[PDB]
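> whatever this is, show me its structure:
(one chain, ligands or ions: 1)
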Amino acid sequence: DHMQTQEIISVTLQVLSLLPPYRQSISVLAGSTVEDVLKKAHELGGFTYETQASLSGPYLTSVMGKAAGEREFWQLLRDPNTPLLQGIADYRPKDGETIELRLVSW
Ligand code: CNC
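Numbers count the residues shown, from 1 in each chain. The relevant structure is shown in the block below.
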């Protein structure tokens, strides 16, 4: 007989490395991971991605039908131009953040 409460936050998910680009505000509970944001964007319709289960956890391999090729990867960043220091299953965005998926070659 007591109330609990959680914070709903909004994370902007953006992909500028594709034609057409993707940019959508995604609502999730605070504590959701980037992977949960991608799952919600896919549920909403209009976002697709793939992952593979590496020995380090979920590794993002494809975004909106573009799989990273040889010596390419999908880099995770927050605005402004700040690479994330954790992967999709561990980074927990904050309200108002913009998460960018960027195709990068090394
Ligand atoms: C080189 C490297 C490294 N990476 Co990268 C970096 N920078 N990485 C990369 C590259 C690998 C290219 C290749 N060689 O094929 C690159 C450059 C592709 C990369 C990718 C990423 N990396 C990333 C991160 C954060 C990390 N990476 C390390 C694992 C991190 C390593 C830091 C370290 N010294 O441990 C690292 C420096 C080298 C590991 C290695 O050479 N041996 C690993 C190998 C011997 O064993 P393994 O288990 O088979 O390794 C594979 C996986 O680790 C995978 N991998 C690499 N990074 C990640 C990150 C995640 C989350 C996962 C699930 C797998 C990987 O690639 C390895 C080769 O196949 C990391 C521990 C370095 C760090 N101190 O932050 C860190 C993981 C932190 C965590 N979650 O615990 C990115 C999330 C960065 C970003 N903001 O985009 C990104 C993954 C996003 C995605 N698409 O899912």
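> from now on I want contacts and neighbour counts done on CA atoms only, so please keep to that.
Will do.
> grab the most central residue of this protein for me.
residue 34 (4.3 Å; CA atoms, centre = their mean).
> element containing the closest residue in space to that one that isn't next to it in sequence, please.
Counting by CA to CA, 6 or more residues apart in numbering, residue 34 lies nearest to residue 88, which is 4.8 Å off, once chain neighbours are set aside. Using DSSP states H and E, residue 88 maps to neither a helix nor a strand.
> any idea how far residue 88 is from residue 101?
11 Å (CA to CA, to the nearest Å).
> for the two, indicate the residue with more neighbours.
The neighbour count for residue 88 versus residue 101, taken as other CA atoms under 10 Å, is higher for residue 101 (22 against 19).
> run through the bridge partners of that one.
residue 15, residue 76 (DSSP bridges).
> check contacts around it.
Residue 101 is in contact with 13-17, 74-77, counting by CA atoms under 8 Å, 6 or more residues apart in numbering.
> picking up where we left off before, residue 39 is in contact with the residue nearest to residue 34, correct?
No. Assessed by CA atoms under 8 Å, residue 88 is found out of contact with residue 39, at 10.8 Å.
> so residue 53 sits against residue 59, correct?
Yes. With contacts counted by CA under 8 Å, residue 53 reaches residue 59, the gap being 6.3 Å.
> these two: which has the busier surroundings?
More neighbours surround residue 59 than the other of residue 53 and residue 59, with 18 against 9 (other CA under 10 Å).
> who are the packing partners of the helix or strand hosting that one?
Residue 59 is part of strand 57-63 when elements are defined by DSSP H and E. With contacts defined as 3 or more CA pairs under 8 Å, 6 or more residues apart in numbering; DSSP states H and E, strand 57-63 has these neighbours: strand 49-54, strand 72-78.
> partners of that strand in the sheet?
Partner strands and pairing direction for strand 57-63 (DSSP bridges) are strand 49-54 (antiparallel), strand 66-67 (antiparallel).
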